[PDB]
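What's in target-v3.txt: compact mmCIF, C-alpha atoms
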```txt
# COMPACT_ATOMS: atom_id res chain seq x y z
CA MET A 1 102.75 101.28 103.07
CA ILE A 2 104.52 98.14 104.15
CA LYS A 3 107.35 98.81 106.65
CA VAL A 4 110.41 96.55 106.00
CA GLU A 5 113.56 96.64 108.12
CA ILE A 6 117.05 95.25 107.38
CA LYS A 7 118.64 94.76 110.86
CA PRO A 8 122.47 95.13 111.35
CA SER A 9 122.71 91.32 111.48
CA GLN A 10 121.05 90.99 108.04
CA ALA A 11 123.50 93.12 106.05
CA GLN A 12 124.85 90.26 103.92
CA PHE A 13 123.44 87.89 101.31
CA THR A 14 124.08 84.22 100.64
CA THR A 15 124.16 82.67 97.16
CA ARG A 16 122.58 79.47 95.90
CA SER A 17 123.55 78.02 92.53
CA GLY A 18 122.60 75.34 90.02
CA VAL A 19 121.87 74.52 86.39
CA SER A 20 118.63 75.13 84.42
CA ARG A 21 116.67 72.44 82.53
CA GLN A 22 118.55 73.02 79.30
CA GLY A 23 122.06 73.55 80.69
CA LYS A 24 122.47 77.27 81.64
CA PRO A 25 124.16 78.16 85.03
CA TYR A 26 122.26 80.37 87.48
CA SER A 27 123.00 82.12 90.73
CA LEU A 28 120.47 83.52 93.16
CA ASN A 29 121.36 85.96 95.99
CA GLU A 30 119.14 85.84 99.09
CA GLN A 31 118.85 88.29 102.00
CA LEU A 32 116.71 88.25 105.18
CA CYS A 33 114.55 91.09 106.51
CA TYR A 34 111.76 91.88 108.93
CA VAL A 35 108.30 92.89 107.69
CA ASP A 36 105.66 94.39 109.90
CA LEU A 37 102.38 92.62 109.24
CA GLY A 38 100.65 94.20 112.22
CA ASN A 39 101.14 91.27 114.67
CA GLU A 40 102.84 91.76 118.09
CA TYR A 41 106.32 91.63 116.44
CA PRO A 42 107.60 91.92 112.78
CA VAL A 43 108.13 88.59 110.99
CA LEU A 44 111.20 87.18 109.21
CA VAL A 45 110.98 87.18 105.36
CA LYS A 46 113.42 85.95 102.70
CA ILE A 47 114.20 88.30 99.76
CA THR A 48 115.74 87.09 96.45
CA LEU A 49 117.69 89.99 94.96
CA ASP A 50 117.73 90.96 91.27
CA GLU A 51 120.79 90.34 89.05
CA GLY A 52 123.75 92.68 89.69
CA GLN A 53 122.16 94.22 92.80
CA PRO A 54 124.10 94.53 96.13
CA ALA A 55 122.60 93.58 99.50
CA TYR A 56 120.37 96.34 100.92
CA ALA A 57 122.16 98.22 103.72
CA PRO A 58 120.63 98.18 107.31
CA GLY A 59 117.71 100.60 107.61
CA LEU A 60 114.02 101.22 106.97
CA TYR A 61 112.46 100.56 103.58
CA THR A 62 109.10 100.29 101.86
CA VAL A 63 108.01 98.10 98.87
CA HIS A 64 108.40 99.38 95.26
CA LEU A 65 105.50 99.01 92.78
CA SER A 66 107.69 96.83 90.51
CA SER A 67 107.34 94.04 93.13
CA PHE A 68 103.87 93.20 91.74
CA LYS A 69 102.54 91.50 88.57
CA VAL A 70 99.28 89.94 87.39
CA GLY A 71 99.52 86.14 87.71
CA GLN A 72 98.30 83.42 85.42
CA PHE A 73 94.83 83.25 87.06
CA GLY A 74 94.26 87.07 86.70
CA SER A 75 94.87 87.94 90.42
CA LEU A 76 97.68 90.17 91.72
CA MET A 77 100.83 88.43 92.93
CA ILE A 78 104.27 89.35 94.28
CA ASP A 79 107.00 88.70 91.72
CA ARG A 80 110.03 89.62 93.91
CA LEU A 81 110.00 91.98 96.89
CA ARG A 82 111.85 95.05 95.57
CA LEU A 83 112.63 97.75 98.15
CA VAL A 84 113.19 101.49 98.21
CA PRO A 85 114.41 103.67 101.16
CA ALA A 86 111.67 105.00 103.43
CA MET B 1 100.89 102.83 97.97
CA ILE B 2 99.15 100.82 95.31
CA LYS B 3 96.30 102.74 93.60
CA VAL B 4 93.26 100.47 92.87
CA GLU B 5 90.11 101.70 91.16
CA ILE B 6 86.63 100.10 90.98
CA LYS B 7 85.04 101.62 87.81
CA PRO B 8 81.20 102.17 87.60
CA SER B 9 81.00 99.08 85.37
CA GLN B 10 82.67 96.90 88.04
CA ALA B 11 80.21 97.53 90.87
CA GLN B 12 78.89 93.95 91.03
CA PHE B 13 80.33 90.55 91.88
CA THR B 14 79.73 87.12 90.38
CA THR B 15 79.68 83.89 92.40
CA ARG B 16 81.29 80.54 91.67
CA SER B 17 80.35 77.45 93.64
CA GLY B 18 81.32 73.83 94.23
CA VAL B 19 82.08 71.14 96.79
CA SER B 20 85.32 70.57 98.77
CA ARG B 21 87.31 67.31 98.84
CA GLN B 22 85.43 65.96 101.84
CA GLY B 23 81.91 67.14 100.97
CA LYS B 24 81.46 70.76 102.26
CA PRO B 25 79.76 73.37 99.95
CA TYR B 26 81.62 76.59 99.15
CA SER B 27 80.86 79.85 97.43
CA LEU B 28 83.37 82.39 96.21
CA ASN B 29 82.44 85.99 95.22
CA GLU B 30 84.66 87.65 92.59
CA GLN B 31 84.92 91.31 91.55
CA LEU B 32 87.05 93.07 88.89
CA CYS B 33 89.18 96.19 89.38
CA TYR B 34 91.95 98.22 87.82
CA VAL B 35 95.40 98.40 89.43
CA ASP B 36 98.02 100.91 88.44
CA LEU B 37 101.32 99.10 88.01
CA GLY B 38 103.03 102.09 86.42
CA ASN B 39 102.56 101.03 82.76
CA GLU B 40 100.84 103.33 80.19
CA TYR B 41 97.38 102.26 81.48
CA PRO B 42 96.10 100.45 84.67
CA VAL B 43 95.61 96.68 84.29
CA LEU B 44 92.56 94.49 84.96
CA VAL B 45 92.79 92.34 88.16
CA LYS B 46 90.37 89.81 89.67
CA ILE B 47 89.57 90.11 93.42
CA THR B 48 88.05 87.24 95.49
CA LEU B 49 86.08 88.79 98.34
CA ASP B 50 86.04 87.54 101.94
CA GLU B 51 83.00 85.75 103.43
CA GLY B 52 80.01 88.02 104.19
CA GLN B 53 81.57 91.05 102.48
CA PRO B 54 79.62 93.15 99.88
CA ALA B 55 81.12 94.26 96.57
CA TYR B 56 83.32 97.36 96.94
CA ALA B 57 81.51 100.47 95.66
CA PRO B 58 83.02 102.46 92.66
CA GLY B 59 85.93 104.66 93.77
CA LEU B 60 89.61 104.85 94.67
CA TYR B 61 91.19 102.42 97.11
CA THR B 62 94.55 101.27 98.39
CA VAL B 63 95.67 97.79 99.65
CA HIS B 64 95.28 96.84 103.37
CA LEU B 65 98.19 95.18 105.22
CA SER B 66 96.03 92.08 105.88
CA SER B 67 96.40 91.22 102.15
CA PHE B 68 99.88 89.78 102.84
CA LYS B 69 101.23 86.62 104.52
CA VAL B 70 104.51 84.70 104.64
CA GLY B 71 104.30 81.72 102.25
CA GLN B 72 105.56 78.20 102.64
CA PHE B 73 109.03 79.01 101.19
CA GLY B 74 109.57 81.98 103.63
CA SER B 75 108.93 84.77 101.03
CA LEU B 76 106.10 87.33 101.18
CA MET B 77 102.96 86.52 99.19
CA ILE B 78 99.51 88.01 98.58
CA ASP B 79 96.79 86.01 100.33
CA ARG B 80 93.74 87.97 99.02
CA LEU B 81 93.74 91.59 97.87
CA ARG B 82 91.87 93.38 100.68
CA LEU B 83 91.06 97.05 100.04
CA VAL B 84 90.46 100.19 102.08
CA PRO B 85 89.21 103.63 100.85
CA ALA B 86 91.93 106.03 99.72
```

Taking this structure as input, can you express it in the form of structure tokens?
Amino acid sequence: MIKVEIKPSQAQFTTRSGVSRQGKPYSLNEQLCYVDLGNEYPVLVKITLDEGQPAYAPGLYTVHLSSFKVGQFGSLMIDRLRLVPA
Amino acid sequence: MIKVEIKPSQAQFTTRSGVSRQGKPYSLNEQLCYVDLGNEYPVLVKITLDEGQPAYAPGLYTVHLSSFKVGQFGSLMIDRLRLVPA
């Protein structure tokens, strides 16, 4: 299991916006977190949230299976990092 | 944890080869596996092995932390799916 932590300072999201190729508006909410990749300290990672989802509260989390998909060359990829409480 | 299975029919690798932009030879070994993504059946996934590593034997495996890296846009990505026995 991957250990992910939302620190107290990372409890909010920011929103970027724009317009798709054929005219539709979009909004993307982004939140920061720390992921332990086994180096001397955890590293900073950006998360893009799913539609209608609030910012994750501060705490410890692991990665849900729905984060992964098979990509166009047949290898596994991350779609969006989706978290669940540890 | 992600459940990965190497079936008896997937016990071998194949090798693709070529030449880099500035002349160096390369060889890549590829193996197939099944990954359970929570659908009605596991899905077929291609693995590219690391240099000097044999094909994984048939059996159950999970994904090692070294499979992941932070990408150039600051989000988590899979580098290569690296497995360890379950």

Query raised in the report: If you count all atoms listed in the file, which residues fall within 10 Å of residue A:61, apart from same-chain ones fewer than 4 positions away, as a VMD selection string?
Result: chain A and resid 1 to 6 35 56 to 57 82 to 86

Requested in this report: Taking all atoms listed in the file into account, report as a ChimeraX atom specification which residues of chain A lie within 8 Å of chain B.
Outcome: /A:1-2,37-38,44-47,65-66,68-70,74-78,81

Requested in this report: Report the distance between atom CA of residue A:29 and atom CA of residue B:39 in Å, rounded to one decimal place.
Outcome: 27.5 Å

Query raised in the report: atom CA of residue B:10 to atom CA of residue B:25: how many Å, to one decimal?
Result: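 A separation of 26.5 Å between them.
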
Requested in this report: May I have the residues within 7 Å of residue B:13 as a PyMOL selection string, using all atoms listed in the file and disregarding those fewer than 2 positions away in the same chain?
Outcome: chain B and resi 15+29-31+55

Query - Gap from atom CA of residue A:26 to atom CA of residue A:54 - Å, one decimal - result: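 Going from atom CA of residue A:26 over to atom CA of residue A:54 covers 16.7 Å.
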
So that I can look at just that part, could you write chain A with C-alpha atoms, as a CSV table (one decimal), in the first residue's frame?
```csv
chain,number,residue,atom,x,y,z
A,1,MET,CA,0.0,0.0,0.0
A,2,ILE,CA,0.9,3.5,-0.9
A,3,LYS,CA,0.8,5.9,2.1
A,4,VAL,CA,-0.6,9.4,1.2
A,5,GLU,CA,-0.9,12.2,3.7
A,6,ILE,CA,-3.0,15.4,3.5
A,7,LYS,CA,-1.2,17.9,5.9
A,8,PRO,CA,-3.2,20.6,7.7
A,9,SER,CA,-1.8,23.2,5.3
A,10,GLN,CA,-3.2,21.2,2.3
A,11,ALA,CA,-6.9,21.2,3.4
A,12,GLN,CA,-8.1,23.3,0.5
A,13,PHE,CA,-8.3,23.0,-3.3
A,14,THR,CA,-7.8,25.6,-6.0
A,15,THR,CA,-9.8,25.6,-9.3
A,16,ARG,CA,-8.6,26.1,-12.9
A,17,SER,CA,-11.1,26.8,-15.7
A,18,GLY,CA,-11.3,27.0,-19.4
A,19,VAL,CA,-13.2,26.0,-22.6
A,20,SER,CA,-13.0,22.7,-24.5
A,21,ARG,CA,-12.2,22.4,-28.2
A,22,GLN,CA,-15.9,22.5,-29.2
A,23,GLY,CA,-17.1,25.2,-26.8
A,24,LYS,CA,-18.0,23.4,-23.4
A,25,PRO,CA,-16.9,25.1,-20.1
A,26,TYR,CA,-14.8,23.0,-17.7
A,27,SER,CA,-13.6,23.3,-14.1
A,28,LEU,CA,-10.9,21.3,-12.5
A,29,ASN,CA,-10.2,21.2,-8.7
A,30,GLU,CA,-6.7,20.5,-7.6
A,31,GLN,CA,-5.3,19.6,-4.2
A,32,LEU,CA,-1.7,18.9,-2.9
A,33,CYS,CA,-0.6,15.9,-0.8
A,34,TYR,CA,2.5,14.1,0.3
A,35,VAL,CA,3.2,10.5,-1.0
A,36,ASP,CA,5.8,8.3,0.5
A,37,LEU,CA,7.9,6.8,-2.2
A,38,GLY,CA,10.5,5.3,0.2
A,39,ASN,CA,13.1,8.2,-0.2
A,40,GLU,CA,14.4,10.1,2.9
A,41,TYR,CA,11.2,12.3,3.0
A,42,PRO,CA,7.7,12.0,1.3
A,43,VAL,CA,7.3,14.0,-1.9
A,44,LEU,CA,4.8,16.6,-3.0
A,45,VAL,CA,2.1,15.4,-5.5
A,46,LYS,CA,-0.8,17.2,-7.2
A,47,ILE,CA,-4.2,15.5,-7.2
A,48,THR,CA,-7.1,16.5,-9.6
A,49,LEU,CA,-10.4,15.7,-7.8
A,50,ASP,CA,-13.4,14.2,-9.5
A,51,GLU,CA,-16.6,16.2,-10.3
A,52,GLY,CA,-18.7,17.1,-7.2
A,53,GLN,CA,-16.1,15.8,-4.7
A,54,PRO,CA,-14.9,18.0,-1.7
A,55,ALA,CA,-11.3,18.4,-0.8
A,56,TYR,CA,-10.0,15.4,1.3
A,57,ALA,CA,-9.7,16.4,5.0
A,58,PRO,CA,-6.2,16.3,6.7
A,59,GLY,CA,-5.2,12.7,7.5
A,60,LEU,CA,-3.7,9.4,6.3
A,61,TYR,CA,-5.0,7.7,3.2
A,62,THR,CA,-4.2,5.0,0.7
A,63,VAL,CA,-4.9,4.7,-3.1
A,64,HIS,CA,-8.2,3.2,-4.3
A,65,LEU,CA,-8.2,0.6,-7.1
A,66,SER,CA,-10.3,2.9,-9.3
A,67,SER,CA,-7.2,5.1,-9.7
A,68,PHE,CA,-5.8,2.7,-12.4
A,69,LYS,CA,-6.7,1.9,-16.0
A,70,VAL,CA,-5.1,0.1,-19.0
A,71,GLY,CA,-3.6,2.7,-21.3
A,72,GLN,CA,-3.5,2.9,-25.1
A,73,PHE,CA,-0.3,0.9,-25.4
A,74,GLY,CA,-1.6,-2.0,-23.1
A,75,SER,CA,0.4,-1.1,-20.0
A,76,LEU,CA,-1.1,0.0,-16.6
A,77,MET,CA,-1.4,3.7,-16.0
A,78,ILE,CA,-2.8,6.1,-13.3
A,79,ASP,CA,-6.0,7.8,-14.5
A,80,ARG,CA,-6.5,10.0,-11.4
A,81,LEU,CA,-5.2,9.4,-7.9
A,82,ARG,CA,-8.4,8.5,-5.9
A,83,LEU,CA,-8.0,8.1,-2.2
A,84,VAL,CA,-9.7,6.2,0.7
A,85,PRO,CA,-9.1,6.6,4.5
A,86,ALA,CA,-6.3,4.4,5.9
```
